[PDB]
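>
Protein chains in written order, with this note's numbering: chain E, 200 to 437; chain Y, 200 to 437; chain S, 16 to 54; chain Z, 16 to 54; chain L, 387 to 682; chain G, 387 to 682; chain W, 1437 to 1633.
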């Protein structure tokens, strides 16, 4: 009953038969910005189905020496389809997200992935006093990898990362994870090209292992923006 | 009272103090496609203020030997801003237009421009049996000029062009013209890259003349799409 | 004792005993019943 | 807290939120309506 | 018309406007009125409930800040062989608000002002370096501050009998005490102070332009009550003033050029822009140049 | 759901359970939920009425403690021949909470914070050993602490005219007085402070990562009001901050590795466990070894 | 209050308070641009709103820019005034500026037009720092282009002056009062010593 799930947004649909419920971040659901919290006075544009749809990123390969992968929202989607066009043509952005992580294998495979959404994951650098640069933080569609997943690349602990909204993909139990993220910012809206509200991190706490014939086991991320609204129409920045 | 006019769409506003009423094509106003006339079953995207706004084209120079200028809708706006992005990302398009033509001069100047919106202005070629080519018809933002405005470049008569929705810019009377165009097609929606619903034609029936010091007298076109809706979301064609 | 004209000048407010740990412990769309197999 | 016998010894009075910007922004004998040509 | 405003005004949503004869964006500056074009009529807006307060821009809040109006340093020592110009253990100051520019400009933002003045006196002491090259400690001295009406008899020495203060208000305070505080009422002979005076306050033609003695609060005479110690000290007295119960009339253009004197509004300006006589605002290359253009 | 909790929950007695299809001890971690297995379902329990309070773990109580945020020492003396880097009888400090780690870690236990800051200033003075090898006594000095908004003009010298403080809030306090106390309101332009900022606060690519100036309270400029004494002293100013009226959002994993800089979250770790990059927890011989086994 | 849009070395005194427009032979030509910050030095600084706002650190609300055409009665013309929200460079072509907020101004009996700069900010307030490029301070740009041309007869002046004013609306507010950077002193003023004599 709670193992199967279908998510339908816009013209996109995803079905899974090995889900383990799904997580709503802090028990919240995405919604449009109300009048009593609005700041910008211009009429926003709400493309709805044009932007509130699943976008599939490039898959990554789960290896034995893998340390983990991360993507930053809204940076990862800032140049994809109508959502990217609206971001490039508007100064202000606001939306939530629906993240679906897929990874299947055989019943002889073992491995556990922690799929965690981190709000305002300010990254630190290792063994230096210099702050991380712009290119180290903004990776776009490709995303980045974890240099030290044991400390979440920020001097904290991975063991305590469960305080953030998260799920687990355990190969013997489930093949997908689903997280619903509301808008999470100190301001009602933000400039989408210089600040990232969310960071999706997939970390292989239990390494992938099996004794069958080795096959490529990819991890796929599908992110659907939700309740998108954009303010400050002007020329495209790109 | 009817000489001044302000048009406000989205974040754009135009004020004129020498208008002569304005024309609604066939006494109609643009509107969204109703359910009882809809064909495509997917949920359309309606950007509203993001696309229903005035776009200003490049101005043309009114000369003594000028024969006239024409632009084709939606072709002229197919690569401008969020309207162009929505057109490029969607297979089906539907909208009306609000056209504002501006041309000012001094009280010592004389000249009359017929500003006419022609539905399905299928152009013919002169002194040949070959049909006009793709490059002759699709000019984009720049538009084209009239080879023989006396026959509207289609073997008809310019004298009878008043049957189409139109206004006049007479320099001693007014400096602007405004035409409101509803959706005009045999089908509820259309592919915006291969068919043009409207053609805006500005023809100097009375040549520009004066005996003061000669100054450049440009003609400016501002077109605002109205009640835009797009269907069939996919990758950008561009 | 607050004789100042600005409300933010008052002392600390230590009288908010409202809690909701579930938003951190059970952030699932469908709740779980006691004893019943969750999966 | 004012225990002095003179009223001018009291603290500042920051409770006057009455405004009339028109006397600086619209000092015209005949008012102007929205959208109507003023001249 | 008069209205009570506690927060910034809300924004109402608006639709497409194509009305003939209605031009909210057109105005007539020549009438002297400020443009009344609302954002709802210029663009398409949403509904915004504005909860931003306006209490920090109240005239009372804007002006009821203690600002330094006087700073006087004098030597506390034996003054038998001192010069006539030196302050012999005491000084007299004609109260004014034009000596320090930060408060003066804010006060000159208005034409007419009515307020009571809260006066705070802060005293600091240091051991004089010359003569006593060694530090022995700071003495806790008693100071007397006497309010003397403008033009009345001020004391001529530290031990003058005028310090007996039969009717003049006097405050005695120690250095180790908190700064002394008093409240002078609104004491103008008119209903308000004249921040600017376009006239002469004398019945002849040799008077002073712009100076109205009716707007001068008075004179402050400050002395060390203690007799001089065997060693010399330097005593600095700072007088701060805070307007309260303020009424303001006819706001004025702010001062742009640097002040020259406390007796008039004479102006010279800086040598080059900004705040120069020929150029108040700093220059840019051209009217088509963006000073801080974002380039990526 | 939301509920008012003032004490720890009571325990109810339980009996033998042999029900088919009921497995309260089995859970599904993959869903991300925390196990809901009650002690009543795991073992046989008795009835316990729990009267233990929970008020000490309130976020207000947990954070409303005055913690040291600044410590600055400077020489109070004649500074004519001093270097440019030296603090000449005054200093300026950009207010931050990342300099001392005990408060910084507690504040970084959360993602978003909204609070007013109570500021306490404690001043100590000592006689400089060099030059004045003898002790003559501690002078009771007056200090001025001026709040200057982030990026605004700060004073450049002890006797700068910027100290007149026309509109800036200033507090004057003696060393012999109790430590000076003020309250700065919640002054962020947003609804809460951003403890962590995953972005750049500039419209170009050369900005600072993780630093949002909207989260900086401001600048504190502290000077000695008294002019210099014939002998030199060392003055140490300690600034303590206490959050109050606190709202906290999105708790975060605590910092494990030692802090490197106040400008970022850079990490190196200790050379060996505990709190090393490769080993946070100190090692034991094996997973079958009890570190503190009781042997009798 | 009047803006100092013509803040160039070639403009002296009152000439800094007006912008000259002449007849051009190219279309879609740029005339001038106005920067954004009321807390920084520029055309908006020496205005009532700018001077009062520089006494505070935080500001919010919409602005209005009113342009008066001071040409002859026989002078005709159409302009376009565009406000561009921040994020990119200042537009240099009309086809890019018209994509942001704009108003098309037609010269006539009404000699003044108003462009509203609406409050379009991610945060509730915009703050002042000495970093003009911060995301908490940048407001955008204002640009003026010719919509058609400036056309005058032979007996009218071929150069016409525009005067720009700026004001705040009733949704404007200020916070965090601070000492104004527009005034200061490095010494005592003249006759200040006479108050002690």
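Idealized CB from N, CA, C, for every residue including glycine.
Could you give the residue range of the beta strand (DSSP E) that holds residue 533 of chain G?
Unbroken beta strand (DSSP E) run through residue 533 of chain G: 528–534.
> Let me see if you follow: with CB-CB separation under 9 Å, is residue 437 of chain Y close to chain E or not?
No, no contact with chain E.
> Ignore the nearest five residues each way along the sequence and tell me which others in residue 370 of chain E's own chain have a CB closer than 7 Å to its CB.
Excluding positions up to five away in sequence, the list reads 304, 308, 309 and 310.
> Checking contacts by CB at 9 Å: is residue 47 of chain Z closer than that to chain W?
False, the Cβ-Cβ gap to chain W never drops below 9 Å.
> Following the continuous beta strand (DSSP E) through residue 206 of chain Y, name the residue where it begins and the one where it ends.
Run containing residue 206 of chain Y: 204–208, per the beta strand (DSSP E) assignment.
> Does the distance between the C-beta of residue 655 of chain L and the nearest non-hydrogen atom of the ligand SAH fall short of 8 Å?
Here there are no bound small molecules, and the ligand SAH is not part of this structure.
> What are the boundary residues of the beta strand (DSSP E) that includes residue 609 of chain G?
First-last of the beta strand (DSSP E) with residue 609 of chain G: 605–610.
> Please report the straight-line C-alpha distance between residue 622 of chain L and residue 513 of chain L, rounded to a whole angstrom.
Each residue's Cα considered, the two are about 12 Å apart.
> Mind listing the chain Z neighbours of residue 1545 of chain W? Cutoff is C-beta to C-beta under 7 Å, in chain order.
By Cβ distance, chain Z contributes 54.
> Report the residue from Y:206, Y:284 and Y:251 whose alpha carbon sits nearest the alpha carbon of residue 300 of chain Y.
The shortest C-alpha separation from residue 300 of chain Y is found at Y:206.
> With 16 other CB atoms within 10 Å as the buried threshold, where does residue 391 of chain G fall?
Answer is exposed; the Cβ neighbour count stays below 16.
> Among the residues of its own chain, which have a CB less than 8 Å from the CB of residue 415 of chain Y, if the five just before and after it don't count?
Answer for residue 415 of chain Y: 260, listed in chain order.
> Give a yes or no on whether 9 Å exceeds the smallest Cβ distance from residue 657 of chain L to chain Z.
No, its Cβ sits nowhere closer than 9 Å to a Cβ of chain Z.
> Taking Cβ positions only, does residue 607 of chain G come closer than 9 Å to chain E?
For residue 607 of chain G, the answer is no, since every Cβ of chain E falls outside 9 Å of its Cβ.
> For residue 287 of chain Y and residue 294 of chain Y, I'd like the C-alpha separation in whole angstroms.
Going by the C-alpha atoms only, they are around 15 Å apart.
> Taking contact to mean 3 or more Cβ pairs, one atom from each stretch, closer than 8 Å, check whether the region 236–247 of chain Y and the region 457–477 of chain L are in contact.
No: the two stretches stay apart, fewer than three of their Cβ pairs being nearer than 8 Å.
> Does any C-beta atom of chain W lie closer than 9 Å to the C-beta of residue 280 of chain Y?
Chain W contact via Cβ: present.
> Does residue 42 of chain Z have its Cβ less than 9 Å from a Cβ in chain W?
Judged by the 9 Å Cβ criterion, residue 42 of chain Z is not in contact with chain W.
> Label residue 375 of chain E either buried or exposed according to how many other C-beta atoms from any shown protein chain fall within 10 Å of its C-beta, with 16 as the threshold for buried.
Per the 10 Å Cβ criterion, buried.
> Do the region 572–592 of chain G and the region 509–524 of chain G touch if we need at least three Cβ pairs shorter than 8 Å?
They do not touch, by the three-pair rule.
> Quick one: does residue 442 of chain L have its CB under 9 Å from some CB of chain W?
Cβ-Cβ to chain W under 9 Å: yes for residue 442 of chain L.
> Spell out the partners DSSP gives residue 633 of chain L in its beta bridges.
Looking at the DSSP assignment, residue 633 of chain L forms a beta bridge with L:500.
> Return helix, strand or coil for residue 371 of chain Y, following the three-state DSSP convention.
Reduced to three states, the DSSP call for residue 371 of chain Y is coil.
> Residue 445 of chain G versus chain E: which residues are under 9 Å apart at the beta carbon?
Chain E residues near residue 445 of chain G: none, gap ~15 Å exceeds 9 Å.
> DSSP on residue 21 of chain Z, reduced to helix/strand/coil?
Note: residue 21 of chain Z maps to coil in three-state DSSP.
> For chain W, find out if any of its Cβ atoms is closer than 9 Å to the Cβ of residue 589 of chain G; answer yes or no.
True, the Cβ-Cβ gap to chain W drops below 9 Å.
> Just list the beta strand (DSSP E) runs in the region 350–401 of chain Y, keeping only unbroken ones of 3 residues or longer that don't cross its boundaries, in chain order.
Whole beta strand (DSSP E) segments, 3+ residues: 365–369 and 375–380.
> Which residue spans inside the region 257–295 of chain Y form an unbroken beta strand (DSSP E) run of at least 3?
Correct list: 268–272.
> Applying a beta-carbon distance threshold of less than 9 Å, which residues of chain L neighbour residue 1585 of chain W?
What residue 1585 of chain W touches in chain L: nothing, since even the nearest Cβ is about 18 Å away.
> List the endpoints of the continuous alpha helix (DSSP H) containing residue 1532 of chain W.
That run of the alpha helix (DSSP H) goes 1530–1533.
> Kindly list the residues whose CB is nearer than 6 Å to the CB of residue 373 of chain L, restricted to its own chain and excluding five residues on each side of it in sequence; keep chain order.
As displayed, chain L neither begins before 387 nor continues past 682, which places residue 373 of chain L out of reach and without an answer.
> Going along chain E, which residues have a C-beta under 8 Å from residue 654 of chain G?
What residue 654 of chain G touches in chain E: 325 and 326.
> Where DSSP assigns a beta bridge to residue 458 of chain G, which residues make up the other side?
G:623.
> Looking at the secondary structure, which residues open and close the beta strand (DSSP E) in which residue 430 of chain Y lies?
417–432 is the span of the beta strand (DSSP E), which, as asked, contains residue 430 of chain Y.
> Am I right that residue 1578 of chain W and residue 1501 of chain W are in contact with their C-beta atoms under 8 Å? What's the rounded C-beta distance?
So it is a contact: roughly 7 Å between Cβ atoms.
> Check the Cβ of residue 615 of chain G against every Cβ in chain L and list those closer than 9 Å, keeping chain order.
Result: 512, 513, 515, 521 and 524.
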